[PDB]
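**Student:** Quick one: the structure is below, and I'll ask about it shortly.
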Amino acid sequence: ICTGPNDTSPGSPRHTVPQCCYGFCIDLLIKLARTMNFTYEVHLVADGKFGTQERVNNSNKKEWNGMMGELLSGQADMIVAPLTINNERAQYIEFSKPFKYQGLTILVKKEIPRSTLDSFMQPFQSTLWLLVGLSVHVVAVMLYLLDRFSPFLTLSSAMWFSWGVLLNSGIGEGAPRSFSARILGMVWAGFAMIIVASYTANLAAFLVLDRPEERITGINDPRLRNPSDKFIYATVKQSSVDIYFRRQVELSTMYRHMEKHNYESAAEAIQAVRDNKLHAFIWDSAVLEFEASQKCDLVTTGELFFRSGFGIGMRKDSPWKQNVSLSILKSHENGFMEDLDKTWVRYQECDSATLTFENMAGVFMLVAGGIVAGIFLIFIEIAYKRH
Amino acid sequence: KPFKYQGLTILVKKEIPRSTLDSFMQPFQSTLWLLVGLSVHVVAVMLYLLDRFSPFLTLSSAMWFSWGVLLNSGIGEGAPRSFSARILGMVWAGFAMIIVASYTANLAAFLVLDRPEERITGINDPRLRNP
Amino acid sequence: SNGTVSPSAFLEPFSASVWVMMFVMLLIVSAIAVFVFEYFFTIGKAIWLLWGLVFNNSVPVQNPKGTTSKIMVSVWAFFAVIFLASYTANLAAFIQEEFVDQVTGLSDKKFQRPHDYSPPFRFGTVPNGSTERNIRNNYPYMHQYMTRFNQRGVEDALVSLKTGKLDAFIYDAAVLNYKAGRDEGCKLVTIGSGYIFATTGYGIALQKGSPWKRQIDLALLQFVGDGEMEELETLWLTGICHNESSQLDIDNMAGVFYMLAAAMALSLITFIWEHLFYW
Amino acid sequence: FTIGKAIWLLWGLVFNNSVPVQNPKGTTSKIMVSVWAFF
């Protein structure tokens with residue numbers, strides 16, 4: 001039972017409601033209390049921020065806020081959270097041995113490959129389709145045009161010959177007779193096979209290497225390196241990642257984008273990424289990996305960087321430090337932390353076969369259209385028979 | 001002042017992709033040839049059997065039908081009379097199409113890349129780190 | 001390991017429902033072909049012609065005589081060539097060698113129970129280290145079995161693995177990662193694609209209560225924040241295999257021959273069934 | 001048959017496009033057609 005703020009949104013009265021807390025850190029705290037006996041009273045920090053060195057409106061004063069403000073003010077005795085270890089946090093308080101090694105990485109909304117209705121017609125240009133159709137028509141007419149005036153094949157026969165030898169089917173069993181028509185037909189068949197081979201090769205080339213956006217190569221991505229209005233990336237405001245981005249000199253230009261777009265909590269950031277509002281979210285590997293495991297349409301892509309570990313912090317001097325560090329090291333040694341990782345992180349639904357039913361639906365739609373137009377064609381043939 | 005600006009680089013052998021007489025036999029090993037024979041002959045004869053013992057095309061005609069299925073000659077003229085023989089010719093045509101498609105795909109994949117000389121990527125090449 | 005290829009690798013180009021729906025629409029098109037032929041050559045001949053048009057082997061078929069039947073057969077052949085091009089476009093990519101790990105992890109039954117398996121696989125570690133202590137504290141039976149196949153040094157274990165007198169080597173994660181990176185040909189690889197069991201760290205040992213502890217800790221964490229050991233790892237810890245066409249054998253396309261044998265069995269079964277029905 | 005018809009069937013099976021052809025009747029001619037079409 002954990003007492004926490006009712007409303008995470010700023011500008012509302014944060015009533016201390018007694019909610020229920022569970023998961024990884026809670027189980028770790030429970031074993032910590034079981035090993036060395038001490039009753040615990042868990043509560044949430046009023047301010048959702050992790051807590052960084054921030055200059056309050058009153059100048060000449062650096063104030064620790066968030067969970068660190070809660071701890072350092074004497075209002076808390078021990079802190080358990082996915083808290084990254086850095087120099088600034090270690091200067092004022094001491095951290096135990098990390099219980100989970102992780103690092104910073106990039107989460108992006110996975111782009112499902114959209115299948116257009118013209119996927120089969122995509123490799124060839126529409127003007128090219130019109131040109132090949134006009135060529136089919138002109139060769140179909142001129143075959144029997146030359147054959148008719150050959151003293152030494154009709155409209156339907158020559159037309160079906162053309163369609164059969166262009167579709168690699170053989171609908172028209174009739175053959176041209178005059179030698180000029182013989183040469184014309186053989187060359188047109190060669191042209192048709194050239195066309196179909198070009199179509200096959202073009203479709204093979206288009207289908208392979210079909211990835212509009214290659215990847216994100218971590219922080220070294222030139223697209224990420226140069227900020228742009230369209231490419232919007234962010235991270236949780238006022239947290240360890242913010243400190244790392246700010247203090248690193250070469251990454252300072254990155255920080256120039258950071259204050260432009262920030263989110264109060266990780267939930268809002270991941271929701272914005274899911275709603276395609278954010279192109280990239282910078283966060284810990286464990287959190288983003290678990291979210292990708294649950295949210296099957298989001299994926300972590302950046303190379304792992306800024307390796308560190310989540311630690312449990314206490315005051316500057318605390319008798320608990322040695323015993324808790326020994327206990328956490330023993331927990332790593334035996335088969336407990338693996339059990340927590342299995343039972344709270346590893347389990348997943350899908351993480352991610354091509355040319356699915358939705359991918360090449362257009363061929364099925366066109367077959368259905370031909371089926372439903374066959375009745376219209378037979379009506380037209382019946383009407384022609386009437387005339 | 002320098003009269004010619006240049007840096008340090010690496011010279012290697014061209015390693016011509018020069019091919020042998022079997023430039024199109026790479027996709028399948030020698031044994032498969034016997035196997036592909038074992039995929040046709042024993043079929044053709046039994047197809048003849050399907051015609052021989054049908055309630056209502058000799059061995060050579062069946063062999064020609066099987067060969068024309070295997071390779072796109074278009075001779076035809078080997079359509080069997082038994083229903084089972086016809087459906088077996090159909091399924092063997094399907095398998096022949098699969099085999100020829102696999103041949104085309106494998107040969108294309110083999111010939112699109114003929115790199116293995118593996119040109120050195122300058123001083124950053126991993127081979128240069130550990131001699 | 002010598003990777004294996006799934007027998008149904010040539011089915012993956014299209015999902016399971018795709019094949020059955022193309023087959024049912026094939027049946028529908030053959031039925032309507034027979035219908036239009038009768039209006040203006042049985043169902044079996046239509047089905048055979050449709051299959052031979054999809055499977056462009058130039059098989060002997062009897063083309064219809066009606067005009068509308070010819071039209072719909074032509075558009076069916078268009079669908080057929082589209083399907084063949086699509087299937088052949090990605091056929092090479094899907095028929096590729098897939099590598100399968102020998103074991104799952106330290107919790108595998110092979111490590112825990114090595115005697116029940118008929119081929120005795122050999123795994124060991126160097127003694128007088130932290131890994132040996134961890135194994136002793138966790139699995140005394142595993143340690144007791146493993147002591148026989150002991151190793152003297154890292155290089156001795158590596159050459160034993162290379163030759164074949166050893167199957168697995170259990171030791172510090174970073175050292176094995178470095179060895180796998182620096183190995184030539186990448187014939188050796190860590191299990192689980194970077195699986196880590198103890199997930200401990202390397203530290204700078206100090207005497208109890210030493211005054212240098214706090215300053216060293218702060219300096220190391222400052223190094224963490226500036227990413228210098230990232231440069232150090234790129235300079236020292238990276239290897240060759242970290243950055244990362246072949247002939248098709250019988251096992252690579254074993255599914256095709258398996259389906260061929262199944263088709264032959266179906267042929268014999270339906271032939272006997274037709275013999276019984278005719279009798 | 002005519003050399004011209006031989007050229008027709010020959011070209012039309014070089015380019016496997018379902019070209020209507022007059023296939024030969026001899027057995028050795030069929031062998032020649034088969035190997036040529038394998039090529």
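Identifiers for the structure tokens are assigned positionally: chains receive A, B, ... in sequence, residues are indexed from 1 per chain, and ligands are indexed from 1 in the order shown.
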Might you pull out every residue within 12 Å of residue 39 of chain C, with only C-alpha atoms counted and same-chain residues fewer than 5 positions away left off, and present them as a ChimeraX atom specification?
**Tutor:** /A:378,381-382 /C:32-34,64-69
**Student:** Please check the contacts: residues of chain B at most 8 Å away from chain C, using only C-alpha atoms, listed as a count of residues only.
**Tutor:** 40
**Student:** I'd like a table as a Markdown table: residues in chain D with an atom no more than 12 Å from chain C, each row giving the shortest atom pair and its distance in Å to one decimal, only C-alpha atoms counted, sorted by chain and rising residue number.
**Tutor:**
| residue | atom | partner | partner_atom | distance |
| --- | --- | --- | --- | --- |
| D:12 | CA | C:58 | CA | 11.9 |
| D:13 | CA | C:58 | CA | 10.0 |
| D:15 | CA | C:58 | CA | 11.9 |
| D:16 | CA | C:58 | CA | 8.2 |
| D:17 | CA | C:58 | CA | 8.8 |
| D:18 | CA | C:58 | CA | 6.7 |
| D:19 | CA | C:58 | CA | 9.9 |
| D:20 | CA | C:58 | CA | 10.9 |
| D:21 | CA | C:58 | CA | 12.0 |
| D:37 | CA | C:58 | CA | 11.9 |
**Student:** Would you save the residues from that selection as a PDB file, in the first residue's frame, using N, CA, C and O atoms?
**Tutor:**
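Dumped everything to out_1.pdb:
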ATOM      1  N   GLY D  12      11.321 -19.755 -80.693  1.00  0.00           N
ATOM      2  CA  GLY D  12      10.199 -19.705 -79.776  1.00  0.00           C
ATOM      3  C   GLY D  12      10.380 -20.533 -78.524  1.00  0.00           C
ATOM      4  O   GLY D  12       9.728 -20.252 -77.513  1.00  0.00           O
ATOM      5  N   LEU D  13      11.229 -21.561 -78.565  1.00  0.00           N
ATOM      6  CA  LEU D  13      11.586 -22.249 -77.331  1.00  0.00           C
ATOM      7  C   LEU D  13      12.848 -21.690 -76.681  1.00  0.00           C
ATOM      8  O   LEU D  13      13.095 -21.978 -75.504  1.00  0.00           O
ATOM      9  N   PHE D  15      12.993 -18.387 -76.344  1.00  0.00           N
ATOM     10  CA  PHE D  15      12.208 -17.454 -75.537  1.00  0.00           C
ATOM     11  C   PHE D  15      10.888 -18.130 -75.189  1.00  0.00           C
ATOM     12  O   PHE D  15       9.928 -18.075 -75.960  1.00  0.00           O
ATOM     13  N   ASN D  16      10.828 -18.734 -74.004  1.00  0.00           N
ATOM     14  CA  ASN D  16       9.693 -19.562 -73.616  1.00  0.00           C
ATOM     15  C   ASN D  16       8.465 -18.703 -73.372  1.00  0.00           C
ATOM     16  O   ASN D  16       8.154 -18.348 -72.231  1.00  0.00           O
ATOM     17  N   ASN D  17       7.767 -18.358 -74.451  1.00  0.00           N
ATOM     18  CA  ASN D  17       6.643 -17.437 -74.382  1.00  0.00           C
ATOM     19  C   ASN D  17       5.367 -18.069 -74.931  1.00  0.00           C
ATOM     20  O   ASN D  17       4.486 -17.358 -75.426  1.00  0.00           O
ATOM     21  N   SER D  18       5.260 -19.398 -74.847  1.00  0.00           N
ATOM     22  CA  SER D  18       4.110 -20.145 -75.359  1.00  0.00           C
ATOM     23  C   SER D  18       3.873 -19.853 -76.838  1.00  0.00           C
ATOM     24  O   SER D  18       2.735 -19.693 -77.285  1.00  0.00           O
ATOM     25  N   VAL D  19       4.954 -19.783 -77.602  1.00  0.00           N
ATOM     26  CA  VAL D  19       4.842 -19.501 -79.036  1.00  0.00           C
ATOM     27  C   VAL D  19       4.287 -20.733 -79.746  1.00  0.00           C
ATOM     28  O   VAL D  19       4.836 -21.837 -79.585  1.00  0.00           O
ATOM     29  N   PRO D  20       3.208 -20.605 -80.517  1.00  0.00           N
ATOM     30  CA  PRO D  20       2.704 -21.755 -81.277  1.00  0.00           C
ATOM     31  C   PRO D  20       3.732 -22.221 -82.297  1.00  0.00           C
ATOM     32  O   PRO D  20       4.118 -21.479 -83.202  1.00  0.00           O
ATOM     33  N   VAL D  21       4.181 -23.466 -82.137  1.00  0.00           N
ATOM     34  CA  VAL D  21       5.249 -24.030 -82.951  1.00  0.00           C
ATOM     35  C   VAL D  21       4.844 -25.432 -83.393  1.00  0.00           C
ATOM     36  O   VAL D  21       3.946 -26.055 -82.824  1.00  0.00           O
ATOM     37  N   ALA D  37      16.780 -26.539 -75.137  1.00  0.00           N
ATOM     38  CA  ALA D  37      15.907 -25.779 -74.249  1.00  0.00           C
ATOM     39  C   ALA D  37      16.437 -25.739 -72.823  1.00  0.00           C
ATOM     40  O   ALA D  37      16.167 -24.780 -72.095  1.00  0.00           O
TER      41      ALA D  37
END
**Student:** Find the residues near residue 249 of chain A: any atom within 12 Å, counting only C-alpha atoms, skip ones fewer than 5 places away on the same chain, and give them as a VMD selection string.
**Tutor:** (chain A and resid 243 to 244 254 to 256) or (chain C and resid 225 to 227)
**Student:** Mind dumping the selected residues with C-alpha atoms as a PDB file, in the first residue's frame?
**Tutor:**
ATOM      1  CA  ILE A 243      21.921  15.642 -17.140  1.00  0.00           C
ATOM      2  CA  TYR A 244      23.965  13.417 -19.455  1.00  0.00           C
ATOM      3  CA  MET A 254      21.582  17.986 -29.071  1.00  0.00           C
ATOM      4  CA  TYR A 255      20.556  19.753 -25.867  1.00  0.00           C
ATOM      5  CA  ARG A 256      19.612  22.747 -28.025  1.00  0.00           C
TER       6      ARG A 256
ATOM      7  CA  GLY C 225      29.291  10.536 -17.659  1.00  0.00           C
ATOM      8  CA  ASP C 226      31.839  11.708 -20.238  1.00  0.00           C
ATOM      9  CA  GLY C 227      31.846   8.437 -22.191  1.00  0.00           C
TER      10      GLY C 227
END
**Student:** Could you list the residues in chain C lying within 7 Å of chain A, using only C-alpha atoms, and format the result as number ranges by chain?
**Tutor:** C: 12-15, 18, 53, 63, 70, 74, 77-79, 85, 89-90, 138, 198, 218, 221-222, 225-227
**Student:** Take the selection from the previous step and output its residues with N, CA, C and O atoms, as a short mmCIF file (atom, residue, chain, number, x, y, z; two decimals), in the first residue's frame.
**Tutor:**
data_model
loop_
_atom_site.label_atom_id
_atom_site.label_comp_id
_atom_site.auth_asym_id
_atom_site.auth_seq_id
_atom_site.Cartn_x
_atom_site.Cartn_y
_atom_site.Cartn_z
N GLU C 12 7.10 -20.06 -46.77
CA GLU C 12 7.09 -18.75 -46.10
C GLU C 12 6.93 -17.56 -47.04
O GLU C 12 6.45 -16.51 -46.60
N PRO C 13 7.35 -17.64 -48.32
CA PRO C 13 7.04 -16.53 -49.24
C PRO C 13 5.58 -16.09 -49.24
O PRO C 13 5.30 -14.95 -49.65
N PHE C 14 4.66 -16.94 -48.82
CA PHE C 14 3.26 -16.58 -48.70
C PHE C 14 2.64 -17.30 -47.51
O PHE C 14 2.88 -18.49 -47.29
N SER C 15 1.83 -16.57 -46.74
CA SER C 15 1.28 -17.13 -45.51
C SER C 15 0.34 -18.30 -45.83
O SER C 15 -0.05 -18.52 -46.98
N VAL C 18 -2.87 -17.62 -47.61
CA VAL C 18 -2.72 -17.12 -48.97
C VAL C 18 -2.77 -18.27 -49.97
O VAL C 18 -3.44 -18.19 -51.01
N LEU C 53 -1.06 -22.93 -66.31
CA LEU C 53 -0.85 -21.51 -66.57
C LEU C 53 -0.19 -20.81 -65.40
O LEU C 53 0.70 -19.97 -65.60
N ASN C 63 -6.75 -25.78 -74.85
CA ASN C 63 -7.32 -24.46 -74.66
C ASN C 63 -8.80 -24.45 -75.02
O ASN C 63 -9.23 -25.19 -75.91
N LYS C 70 -11.60 -17.63 -73.23
CA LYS C 70 -10.25 -17.21 -73.58
C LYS C 70 -9.87 -15.92 -72.87
O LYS C 70 -8.74 -15.78 -72.40
N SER C 74 -6.93 -15.62 -70.18
CA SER C 74 -5.83 -14.68 -70.38
C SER C 74 -5.58 -13.84 -69.14
O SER C 74 -4.43 -13.66 -68.72
N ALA C 77 -3.91 -15.94 -66.65
CA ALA C 77 -2.48 -16.07 -66.93
C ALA C 77 -1.72 -14.81 -66.51
O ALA C 77 -0.56 -14.88 -66.10
N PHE C 78 -2.36 -13.64 -66.65
CA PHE C 78 -1.76 -12.42 -66.12
C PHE C 78 -1.55 -12.51 -64.61
O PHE C 78 -0.46 -12.21 -64.11
N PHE C 79 -2.59 -12.93 -63.89
CA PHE C 79 -2.44 -13.17 -62.45
C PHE C 79 -1.33 -14.18 -62.18
O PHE C 79 -0.57 -14.05 -61.22
N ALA C 85 6.32 -14.00 -60.64
CA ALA C 85 7.35 -12.98 -60.43
C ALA C 85 7.48 -12.62 -58.96
O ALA C 85 8.59 -12.50 -58.44
N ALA C 89 10.81 -13.40 -56.77
CA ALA C 89 11.58 -12.22 -56.38
C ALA C 89 12.26 -12.41 -55.03
O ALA C 89 13.43 -12.04 -54.87
N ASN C 90 11.55 -12.97 -54.06
CA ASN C 90 12.09 -13.16 -52.72
C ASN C 90 12.43 -14.61 -52.41
O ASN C 90 12.69 -14.94 -51.24
N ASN C 138 26.34 -22.68 -6.58
CA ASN C 138 25.03 -22.86 -7.21
C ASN C 138 24.72 -24.33 -7.49
O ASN C 138 23.72 -24.86 -6.99
N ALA C 198 25.75 -14.18 -14.26
CA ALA C 198 26.06 -13.57 -12.97
C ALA C 198 25.87 -12.06 -12.97
O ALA C 198 25.60 -11.49 -11.91
N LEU C 218 34.04 8.55 -7.42
CA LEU C 218 33.59 9.76 -8.11
C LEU C 218 34.29 9.92 -9.45
O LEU C 218 33.67 10.30 -10.44
N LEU C 221 32.78 7.43 -11.94
CA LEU C 221 31.45 7.81 -12.40
C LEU C 221 31.51 9.05 -13.30
O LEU C 221 30.71 9.18 -14.23
N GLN C 222 32.46 9.95 -13.04
CA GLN C 222 32.68 11.06 -13.95
C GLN C 222 33.14 10.56 -15.32
O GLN C 222 32.75 11.11 -16.35
N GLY C 225 30.09 9.46 -17.09
CA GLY C 225 29.29 10.54 -17.66
C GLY C 225 29.88 11.19 -18.89
O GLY C 225 29.13 11.78 -19.68
N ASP C 226 31.19 11.12 -19.07
CA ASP C 226 31.84 11.71 -20.24
C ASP C 226 32.08 10.71 -21.36
O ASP C 226 32.56 11.10 -22.43
N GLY C 227 31.75 9.43 -21.15
CA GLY C 227 31.85 8.44 -22.19
C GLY C 227 33.25 8.07 -22.62
O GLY C 227 33.42 7.56 -23.74
#
**Student:** For residue 287 of chain A, list every protein, DNA or RNA residue within 12 Å, evaluated using only C-alpha atoms, and leave out those in the same chain fewer than 2 positions away; present the list as a PyMOL selection string.
**Tutor:** chain A and resi 24+81-83+100-107+266-267+270+281-285+289-295+299-300+310+344-346
**Student:** Compare B:43, B:21, B:112, B:100 by their minimum atom-to-atom distance to chain A, counting only C-alpha atoms, and give me the closest one.
**Tutor:**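 Smallest separation from chain A among the options: B:112.
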**Student:** Could you pull out the alpha helix (DSSP H) residues of segment 36-103 of chain B, going by DSSP on the backbone, and write them as a ChimeraX atom specification?
**Tutor:** /B:36-38,41-52,59-70,83-103
